[PDB]
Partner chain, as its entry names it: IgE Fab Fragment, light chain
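The chain below stands alone and is given in structure tokens; this is the form deposited without its partner chain.
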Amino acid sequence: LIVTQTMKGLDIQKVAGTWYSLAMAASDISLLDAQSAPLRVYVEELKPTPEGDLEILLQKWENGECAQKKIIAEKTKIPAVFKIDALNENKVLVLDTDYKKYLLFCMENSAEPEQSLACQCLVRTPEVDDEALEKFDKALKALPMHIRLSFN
């Protein structure tokens, strides 16, 4: 992705709290295919640290259960771009947010071949307005998504 597609002026402390994953899409079918795909994860809460890093509480399906995992995405020199500094590196990119209703972000796999990207549309509450979904749709018009999922 380029620096111009990510968020300008993000204040990471205002995204703190609970979120729900409303929709997802990925550049490759295999990124989100079955319940066990590594990027099929549901965000539960974002917890910025006082140092500016981002702790991510996620739910993933593992063995017929709903497991919880905590990952830390560290700030980088690029605002809105966070790095999960694991054995397999991943970047978290914040595309846009209004802090009080929706947050759009993508997880990128650089270690992989071309551009394995999976993006999500997060909402603060399960309210019935589709502003978040329209913005997600519009933010993904520039990317090659081959699988798109929407939750109920």
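Numbering follows the first chain given and starts at 1. By rigid core we mean the largest C-alpha set that fits within 1.5 Å across both forms.
The protein also exists as the form deposited with its partner chain bound; that form is not presented, and the subsequent description refers to it.
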**Item:** 4.5 Å heavy atom contact, residue 57 and its partner chain in the deposited complex
**Value:** yes
**Request:** Would you check, heavy atoms only and a 4.5 Å threshold, whether residue 49 touches its partner chain in the deposited complex?
**Result:** no
**Prompt:** Would its partner chain in the deposited complex be within 4.5 angstroms of a non-hydrogen atom of every residue among 53, 77 and 81?
**Reply:** no
**Prompt:** Mind listing which residues of 64-83 have a heavy atom within 4.5 Å of its partner chain in the deposited complex?
**Reply:** 65, 66, 67, 68, 70
**Item:** After fitting the core, residue 114 CA displacement of 2 Å or more between the shown form and the other one
**Value:** yes
**Asked** Taking the rigid core as the reference frame, is the Cα of residue 66 displaced by 2 Å or more between the shown form and the other one?
**Response** yes
**Prompt:** Is residue 127 one of the residues whose C-alpha moves 2 Å or more between the shown form and the other one after the core fit?
**Reply:** yes
**Message:** Thinking of the 3 angstroms or more shift, are the C-alphas of residue 115 and residue 80 brought closer or pushed farther apart in the deposited complex than in this view?
**Reply:** farther
**Cα distance between residue 23 and residue 129, which in the deposited complex differs by 3 Å or more from this form, closer or farther** = closer
